[PDB]
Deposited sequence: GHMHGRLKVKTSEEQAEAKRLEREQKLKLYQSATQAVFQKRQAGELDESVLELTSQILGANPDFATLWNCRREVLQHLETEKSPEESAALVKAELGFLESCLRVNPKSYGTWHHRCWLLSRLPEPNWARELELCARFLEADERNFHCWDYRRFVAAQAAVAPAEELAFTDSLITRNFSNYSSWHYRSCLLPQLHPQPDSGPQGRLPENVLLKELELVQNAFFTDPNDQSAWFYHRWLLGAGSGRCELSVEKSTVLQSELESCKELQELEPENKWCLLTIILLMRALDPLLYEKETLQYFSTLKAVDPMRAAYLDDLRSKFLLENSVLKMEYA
């Protein structure tokens, strides 16, 4: 076990030696692709070897036919995919694929989107894969609306949703691109997120996204009857949840935030009560919670002073 790796090290070492010797010699050929494939599989963070692969591929396309170059590209795609199966979290491997696809005459982007869907099935939080997907969507000029459909299916089919909610925060403003969300869109998003955190009240991602939506409107002095009514309903639903899960800190914080969104001065007493409860439930955040409360009291003093 701790002997063979001395021999695996021996192979890594000589292959590495070999690649560097060939590179100094100007030997940009398939033997370097052979040697590098044997090292990059286990060791994809060895950046210089990805650079060698690119140098070889660039060189070869000068002195090979369209057909032979097309074949090298397809072999590179397979190599890349085998590497990603072993380590899907290497910056180097994902950039190489991007480099490769960005220089093809007619890249197949529908196929690349499917590769993304597959890796996101394996790990819905793989940010390299989400980043690659945004790259592919841009290159193929895929519309915000389609990517929005992709996110919905992902959020409901299971948890691990922070990455999908984040993507929604970026897509929604694009579907309504001003130089803040429209209320109709905002209300639909509140319904979706509130479903999520009443389904799984321990998923922090929905609560983080809901806090964003709470700020993304038009202000408490401008509340429509519908928005007023939706927010009050959210307040009562969170209180319900608080009964069921008295240790749930996210629902207590959200109650405070909702009262703020509704009427800071009318709910001043309950707001203070909720801060005491929350600090008892989430003591590691006591300092944050005291600072937040001091901020809210200052806001309130300014509101009381605005009086006529």
Fill in: Deposited residues absent from the coordinates (by C-alpha)
1 to 18, 198 to 203
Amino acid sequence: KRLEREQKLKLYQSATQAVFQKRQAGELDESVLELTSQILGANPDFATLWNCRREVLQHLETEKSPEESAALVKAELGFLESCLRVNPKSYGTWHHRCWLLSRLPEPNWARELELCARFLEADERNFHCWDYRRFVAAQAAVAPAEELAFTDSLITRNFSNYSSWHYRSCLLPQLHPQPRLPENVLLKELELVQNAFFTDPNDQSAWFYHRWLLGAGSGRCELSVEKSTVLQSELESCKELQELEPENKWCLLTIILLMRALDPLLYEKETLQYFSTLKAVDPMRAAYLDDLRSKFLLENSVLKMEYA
From here on, numbers count along this sequence of modelled residues.
Item to complete: Report the stretch with the higher mean CA temperature factor, choosing between 101 to 109 and 208 to 216 on the basis of the entry.
Response: 101 to 109
Worksheet item: Taking the recorded C-alpha temperature factors, which stretch has the higher mean, 296 to 304 or 8 to 16?
Response: 8 to 16
Item to complete: For the C-alpha B-factor as written in the entry, point me to the maximum among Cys83, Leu77, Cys170, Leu175.
Response: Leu175
Item to complete: Could you tell me which one of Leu120, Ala140, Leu192, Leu235 shows the highest CA temperature factor in the PDB record?
Response: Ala140
Item to complete: Would you mind checking where the Cα B-factor of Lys279 ranks among the modelled residues of its chain, as the lowest, middle or highest third?
Response: middle
Fill in: Chain thirds of CA B-factor: placement of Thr199
highest
Item to complete: Select lowest, middle or highest to describe the third in which the CA B-factor of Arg157 falls within its chain in this entry.
Response: highest
Discussion item. Is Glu226 in the lowest, middle or highest third of its chain when residues are ranked by C-alpha B-factor?
Written reply: middle
Worksheet item: How does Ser65 rank on Cα B-factor within its chain, lowest, middle or highest third?
Response: highest
